[PDB]
Number of protein chains: 2
Amino acid sequence: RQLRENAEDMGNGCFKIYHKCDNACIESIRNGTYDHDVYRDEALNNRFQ
Amino acid sequence: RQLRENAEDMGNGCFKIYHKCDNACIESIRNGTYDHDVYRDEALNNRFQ
Ligand SMILES: *[C@@H]1O[C@H](CO)[C@@H](O)[C@H](O)[C@H]1NC(C)=O
Ligand SMILES: *[C@@H]1O[C@H](CO)[C@@H](O)[C@H](O)[C@H]1NC(C)=O
C-alpha cells in the first residue's frame, strides 16, 4: 500500500523498486514517511519501457 | 506473484493472461517454472493498447 505503483511484488517476498533508491530513499520507506509521487514519474518509465 | 504483470485478476477467480499461451505455456505456469520476462513485452502491449 505504501510503495503503491513505484515497485512490483517479485513474489519471492521482495518488492522490485523500479527507480534509483539511495539509502535515505530506503529509510524513508521503512518508517512509512516515504511518498510515491516523488519517484512516480521515474519508476513508471522503467516499468513500461 | 508468478504471473507478475503478464496477466490480471478478473476477480471471478481467474487470471486473464494478455498473451497467446499454448498448452506448454500453461503447463510451465502450473509447476512454477514459467518466466514473466519471456512474454512481458508481448502481454504489456495488449494491456495498454
Ligand atoms: C524516516 O526516514 C527519514 C529519512 O528521510 C528520517 O528523516 C525520519 O526521521 C525517519 N522517521 C522515522 C520514524 O524513523
Ligand atoms: C513444467 O512444465 C515444463 C513445460 O515447459 C516441463 O518441461 C517441466 O517438466 C514441468 N515441471 C514440472 C515440475 O512438472
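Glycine also receives a Cβ, built like all others from the backbone with ideal geometry; neighbour counts cover every protein chain displayed. Each reported figure results from applying straightforward, stated rules to the coordinates on display, with no laboratory input.
Put a dot 7 Å past each Cα toward the Cβ at residue A:3 and residue B:37; how far apart are the dots in nm?
About 1.8 nm, to one decimal.
How big is the charge dipole of chain A about its Cα centre, in debye rounded to the nearest 20, if each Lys and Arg gets +1 on its Cβ and each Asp and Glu gets -1 on its Cβ?
So the dipole magnitude of chain A works out to roughly 120 debye.
Can you pull out the GluC sites (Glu not before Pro) in chain A whose DSSP state is coil and whose Cβ has at most 15 other Cβ atoms within 10 Å?
Listed in order of number, the matching sites are A:5.
What is the Cα centroid distance between the stretch B:21-41 and the stretch A:2-49, reported in whole angstrom?
Cα centres, the stretch B:21-41 to the stretch A:2-49: 26 Å.
How many times 2.2 N^0.38 Å is the alpha carbon radius of gyration of chain A?
In units of the globular-protein estimate, chain A measures up at 1.07.
Report the Rg/Rh value for the protein assembly as shown, based on alpha-carbon coordinates and the Kirkwood definition of Rh.
Rounded to two decimals, Rg/Rh equals 1.02.
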